[PDB]
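Here you get one chain, nothing else, as structure tokens; it is the form solved without the named molecule.
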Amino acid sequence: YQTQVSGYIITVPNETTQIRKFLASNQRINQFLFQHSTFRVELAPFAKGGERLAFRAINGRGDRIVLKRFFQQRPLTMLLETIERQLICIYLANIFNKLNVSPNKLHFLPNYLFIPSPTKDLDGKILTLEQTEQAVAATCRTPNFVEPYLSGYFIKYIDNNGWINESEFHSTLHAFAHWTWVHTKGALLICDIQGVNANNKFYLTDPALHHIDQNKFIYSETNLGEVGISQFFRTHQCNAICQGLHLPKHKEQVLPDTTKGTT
């Protein structure tokens, strides 16, 4: 069974600039673009786990998407952490890919929000966080997460606590994680790197972000702060991609460099 649902897709306008600002200063994203949209959505969830339900849908531009939601009500600001995290990961991977130090390219799935609406008057408009809260409230429903559909064999390559998948080792992914800490001057590290490998491409989903500021990602269960950063580096070996990038090492690193895998 399926029905039509109409409402607003909610994204962040000028992502790069917003994210650059969020990282550098300490100011949360306060600008959200609303775009009217109609989805065809399955009534029955095809999967659940990691604390949340998943529904197949078609975005009417015909693309296959997945609508996700936590089991019960959550405040907008909690859900926005997932979005802010994903946007950081996309920002970082885009720069990382632009370095062209590896044939393998990293692509985190876009994540946005969807709320149903009978009306379309906010179409194309940019709203503050508070105005977005009011648009959400008017619906009186928890927004859904939306992400493109991803098929293939899903692998967890690195977790958020120093664990490394051995058989499916990719030096590109490990160097990326180290690099995220270097690029953000020690402030955060991206891990829980997991998704699908095909054609020199990693399609990555549900990452974790450790931040040294105890007030930055307060709802995230996967953010272990400075300890999670230390945990990554205790088992990290700088690889040929790290070396080619001349990444400075974390003072917890003790293991010797390795040159298995890419480059």
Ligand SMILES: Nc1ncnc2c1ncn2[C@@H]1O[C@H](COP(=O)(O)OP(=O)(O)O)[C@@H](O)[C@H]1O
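So that there is no doubt, residue numbering starts at 1 and follows the sequence shown.
For the pair 171-179 and 81-89, the record assigns the higher mean C-alpha temperature factor to 81-89.
Per the PDB record, of the two stretches 217-225 and 51-59, 51-59 carries the greater mean B-factor over its C-alpha atoms. The maximum CA B-factor among the listed residues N200, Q35, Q237, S230, taken from the PDB record, is found at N200. Highest C-alpha temperature factor among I115, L122, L150, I155 per the entry: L150.
Annotation for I19: CA B-factor lies in the middle third of the chain's modelled residues.
Per-chain ranking of the deposited C-alpha B factor places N94 in the middle third.
Sorting the modelled residues of the chain by their CA temperature factor places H107 in the middle third.
For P75, the recorded CA B-factor ranks within the highest third of the chain. Only modelled residues enter the ranking.
Among the modelled residues of its chain, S25 has a C-alpha B-factor that falls in the highest third, as given in the PDB entry.
A second form of this protein, the form deposited with the named molecule bound, is not displayed here; the remarks below concern that form.
In the modelled overlay, the named molecule taken from its pose in the bound PDB entry has three or more atoms closer than 2.4 Å to backbone or C-beta atoms of this form, which marks the pocket as blocked. Just one of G186, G162, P116, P148 comes within 4.5 Å of the named molecule in the bound PDB entry, counting any heavy atom, and that one is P148. Contact with the named molecule in the bound PDB entry, judged as any non-hydrogen atom within 4.5 angstroms, is confined among 62-70, 22-30, 36-44, 218-226 to 62-70. Shown alone here, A54 lies within 4.5 Å of the named molecule in the bound PDB entry, counting heavy atoms only. Along 201-221, one residue reaches a heavy atom to within 4.5 Å of the named molecule in the bound PDB entry: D206.
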